[PDB]
$ cat model10.txt   # compact mmCIF, C-alpha atoms
# COMPACT_ATOMS: atom_id res chain seq x y z
CA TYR A 1 -11.85 24.21 -12.70
CA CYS A 2 -12.17 22.63 -9.31
CA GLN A 3 -11.54 18.97 -9.06
CA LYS A 4 -14.45 17.04 -7.67
CA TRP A 5 -12.86 13.73 -6.78
CA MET A 6 -10.90 12.14 -9.70
CA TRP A 7 -10.32 14.94 -12.23
CA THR A 8 -7.31 16.18 -14.16
CA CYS A 9 -4.80 18.72 -12.85
CA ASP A 10 -2.75 21.38 -14.57
CA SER A 11 0.06 23.63 -13.54
CA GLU A 12 -2.62 26.21 -12.82
CA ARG A 13 -5.22 23.75 -11.52
CA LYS A 14 -4.65 22.57 -8.07
CA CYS A 15 -6.74 19.69 -6.99
CA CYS A 16 -9.33 20.72 -4.45
CA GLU A 17 -9.76 19.30 -0.93
CA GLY A 18 -6.05 18.55 -0.81
CA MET A 19 -5.75 15.95 -3.51
CA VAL A 20 -2.44 15.06 -5.08
CA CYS A 21 -1.93 15.84 -8.77
CA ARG A 22 -1.46 12.66 -10.71
CA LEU A 23 -3.32 11.11 -13.71
CA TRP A 24 -6.36 11.87 -11.65
CA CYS A 25 -6.49 13.86 -8.51
CA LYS A 26 -8.48 11.95 -6.06
CA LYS A 27 -8.72 11.12 -2.48
CA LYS A 28 -7.99 7.54 -1.85
CA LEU A 29 -11.17 6.41 -0.15
CA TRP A 30 -12.97 8.44 2.48

$ encode --input "model10.txt" --output "C-alpha cells"
Amino acid sequence: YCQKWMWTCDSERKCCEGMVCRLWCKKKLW
C-alpha cells in the first residue's frame, strides 16, 4: 500500500513521497 500522507509503514511498506517511517508516515507540513 502506498502511504498518502499520514499512514502506517511496514518493513515492506516504504512511505511514499519520501516520508519517514514512524507511527505515521507523513510530511510535516507542505

$ residues_around --input "model10.txt" --residues "residue 29 (chain A)" --least-positions-apart "6" --cutoff "12 Å" --atoms "all atoms listed in the file" --output "list in words"
residues 5, 6 and 19 of chain A

$ atom_distance --input "model10.txt" --atom1 "CA of residue 21 (chain A)" --atom2 "CA of residue 9 (chain A)"
5.8 Å

$ residues_around --input "model10.txt" --residues "residue 27 (chain A)" --least-positions-apart "2" --cutoff "12 Å" --atoms "all atoms listed in the file" --output "number ranges by chain"
A: 3-7, 15-22, 24-25, 29-30

$ axis_aligned_box --input "model10.txt" --around "region 19-27 of chain A" --padding-each-side "5 Å" --output "lines of an AutoDock Vina configuration file"
center_x = -5.1
center_y = 13.5
center_z = -8.1
size_x = 17.3
size_y = 14.8
size_z = 21.2

$ decode --input "model10.txt" --residues "chain A" --atoms "N, CA and C atoms" --output "PDB file, in the first residue's frame"
ATOM      1  N   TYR A   1       0.839  -1.184   0.000  1.00  0.00           N
ATOM      2  CA  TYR A   1       0.000   0.000   0.000  1.00  0.00           C
ATOM      3  C   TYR A   1       0.876   1.235   0.000  1.00  0.00           C
ATOM      4  N   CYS A   2       0.483   2.230  -0.728  1.00  0.00           N
ATOM      5  CA  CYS A   2       1.202   3.468  -0.757  1.00  0.00           C
ATOM      6  C   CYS A   2       0.611   4.408   0.256  1.00  0.00           C
ATOM      7  N   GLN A   3       1.460   5.108   0.901  1.00  0.00           N
ATOM      8  CA  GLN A   3       1.102   5.966   2.006  1.00  0.00           C
ATOM      9  C   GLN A   3       0.721   7.347   1.506  1.00  0.00           C
ATOM     10  N   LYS A   4      -0.563   7.658   1.520  1.00  0.00           N
ATOM     11  CA  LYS A   4      -0.967   9.003   1.203  1.00  0.00           C
ATOM     12  C   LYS A   4      -1.045   9.787   2.493  1.00  0.00           C
ATOM     13  N   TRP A   5      -0.104  10.694   2.644  1.00  0.00           N
ATOM     14  CA  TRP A   5       0.130  11.439   3.878  1.00  0.00           C
ATOM     15  C   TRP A   5       0.217  10.446   5.062  1.00  0.00           C
ATOM     16  N   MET A   6      -0.261  10.838   6.250  1.00  0.00           N
ATOM     17  CA  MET A   6      -0.121  10.005   7.452  1.00  0.00           C
ATOM     18  C   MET A   6      -0.814   8.636   7.347  1.00  0.00           C
ATOM     19  N   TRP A   7      -0.001   7.623   7.131  1.00  0.00           N
ATOM     20  CA  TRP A   7      -0.399   6.213   7.052  1.00  0.00           C
ATOM     21  C   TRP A   7       0.656   5.388   7.782  1.00  0.00           C
ATOM     22  N   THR A   8       0.407   4.113   7.954  1.00  0.00           N
ATOM     23  CA  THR A   8       1.310   3.249   8.657  1.00  0.00           C
ATOM     24  C   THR A   8       2.323   2.563   7.718  1.00  0.00           C
ATOM     25  N   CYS A   9       3.519   2.351   8.219  1.00  0.00           N
ATOM     26  CA  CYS A   9       4.597   1.744   7.459  1.00  0.00           C
ATOM     27  C   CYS A   9       4.892   0.351   7.967  1.00  0.00           C
ATOM     28  N   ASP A  10       5.572  -0.418   7.156  1.00  0.00           N
ATOM     29  CA  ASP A  10       5.931  -1.781   7.488  1.00  0.00           C
ATOM     30  C   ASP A  10       7.362  -1.940   7.088  1.00  0.00           C
ATOM     31  N   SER A  11       7.905  -3.120   7.223  1.00  0.00           N
ATOM     32  CA  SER A  11       9.254  -3.361   6.786  1.00  0.00           C
ATOM     33  C   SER A  11       9.251  -3.404   5.256  1.00  0.00           C
ATOM     34  N   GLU A  12       8.154  -3.907   4.700  1.00  0.00           N
ATOM     35  CA  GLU A  12       7.954  -3.911   3.264  1.00  0.00           C
ATOM     36  C   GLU A  12       7.610  -2.497   2.797  1.00  0.00           C
ATOM     37  N   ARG A  13       6.562  -1.948   3.415  1.00  0.00           N
ATOM     38  CA  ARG A  13       5.994  -0.657   3.047  1.00  0.00           C
ATOM     39  C   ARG A  13       6.877   0.494   3.353  1.00  0.00           C
ATOM     40  N   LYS A  14       7.236   1.175   2.323  1.00  0.00           N
ATOM     41  CA  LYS A  14       8.040   2.348   2.420  1.00  0.00           C
ATOM     42  C   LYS A  14       7.177   3.520   2.064  1.00  0.00           C
ATOM     43  N   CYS A  15       7.175   4.483   2.926  1.00  0.00           N
ATOM     44  CA  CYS A  15       6.292   5.607   2.849  1.00  0.00           C
ATOM     45  C   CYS A  15       6.613   6.539   1.697  1.00  0.00           C
ATOM     46  N   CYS A  16       5.661   6.595   0.800  1.00  0.00           N
ATOM     47  CA  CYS A  16       5.712   7.324  -0.452  1.00  0.00           C
ATOM     48  C   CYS A  16       6.050   8.797  -0.277  1.00  0.00           C
ATOM     49  N   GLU A  17       6.602   9.383  -1.348  1.00  0.00           N
ATOM     50  CA  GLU A  17       6.919  10.813  -1.448  1.00  0.00           C
ATOM     51  C   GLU A  17       8.073  11.192  -0.493  1.00  0.00           C
ATOM     52  N   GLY A  18       8.779  10.188  -0.020  1.00  0.00           N
ATOM     53  CA  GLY A  18       9.888  10.415   0.868  1.00  0.00           C
ATOM     54  C   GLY A  18       9.438  10.834   2.247  1.00  0.00           C
ATOM     55  N   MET A  19       8.639  10.001   2.870  1.00  0.00           N
ATOM     56  CA  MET A  19       8.175  10.263   4.215  1.00  0.00           C
ATOM     57  C   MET A  19       8.825   9.282   5.159  1.00  0.00           C
ATOM     58  N   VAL A  20       9.196   9.746   6.325  1.00  0.00           N
ATOM     59  CA  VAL A  20       9.885   8.909   7.292  1.00  0.00           C
ATOM     60  C   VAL A  20       8.911   7.976   8.030  1.00  0.00           C
ATOM     61  N   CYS A  21       9.310   6.725   8.164  1.00  0.00           N
ATOM     62  CA  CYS A  21       8.525   5.726   8.859  1.00  0.00           C
ATOM     63  C   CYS A  21       8.566   5.994  10.352  1.00  0.00           C
ATOM     64  N   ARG A  22       7.409   6.149  10.916  1.00  0.00           N
ATOM     65  CA  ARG A  22       7.229   6.436  12.319  1.00  0.00           C
ATOM     66  C   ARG A  22       5.841   5.877  12.640  1.00  0.00           C
ATOM     67  N   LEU A  23       5.165   6.370  13.677  1.00  0.00           N
ATOM     68  CA  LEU A  23       3.794   5.940  13.991  1.00  0.00           C
ATOM     69  C   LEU A  23       2.922   6.175  12.769  1.00  0.00           C
ATOM     70  N   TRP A  24       3.158   7.291  12.132  1.00  0.00           N
ATOM     71  CA  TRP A  24       2.538   7.639  10.892  1.00  0.00           C
ATOM     72  C   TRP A  24       3.548   8.297  10.011  1.00  0.00           C
ATOM     73  N   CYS A  25       3.641   7.841   8.810  1.00  0.00           N
ATOM     74  CA  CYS A  25       4.496   8.464   7.845  1.00  0.00           C
ATOM     75  C   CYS A  25       3.790   9.636   7.307  1.00  0.00           C
ATOM     76  N   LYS A  26       4.363  10.774   7.448  1.00  0.00           N
ATOM     77  CA  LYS A  26       3.756  11.969   6.954  1.00  0.00           C
ATOM     78  C   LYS A  26       4.794  12.988   6.640  1.00  0.00           C
ATOM     79  N   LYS A  27       4.437  13.923   5.813  1.00  0.00           N
ATOM     80  CA  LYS A  27       5.271  15.045   5.609  1.00  0.00           C
ATOM     81  C   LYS A  27       4.843  16.088   6.588  1.00  0.00           C
ATOM     82  N   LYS A  28       5.781  16.719   7.206  1.00  0.00           N
ATOM     83  CA  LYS A  28       5.462  17.714   8.177  1.00  0.00           C
ATOM     84  C   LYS A  28       5.249  19.023   7.485  1.00  0.00           C
ATOM     85  N   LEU A  29       3.976  19.309   7.245  1.00  0.00           N
ATOM     86  CA  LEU A  29       3.511  20.491   6.525  1.00  0.00           C
ATOM     87  C   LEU A  29       3.883  20.390   5.041  1.00  0.00           C
ATOM     88  N   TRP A  30       3.579  21.404   4.290  1.00  0.00           N
ATOM     89  CA  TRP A  30       3.835  21.382   2.862  1.00  0.00           C
ATOM     90  C   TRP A  30       5.201  21.997   2.571  1.00  0.00           C
TER      91      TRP A  30
END
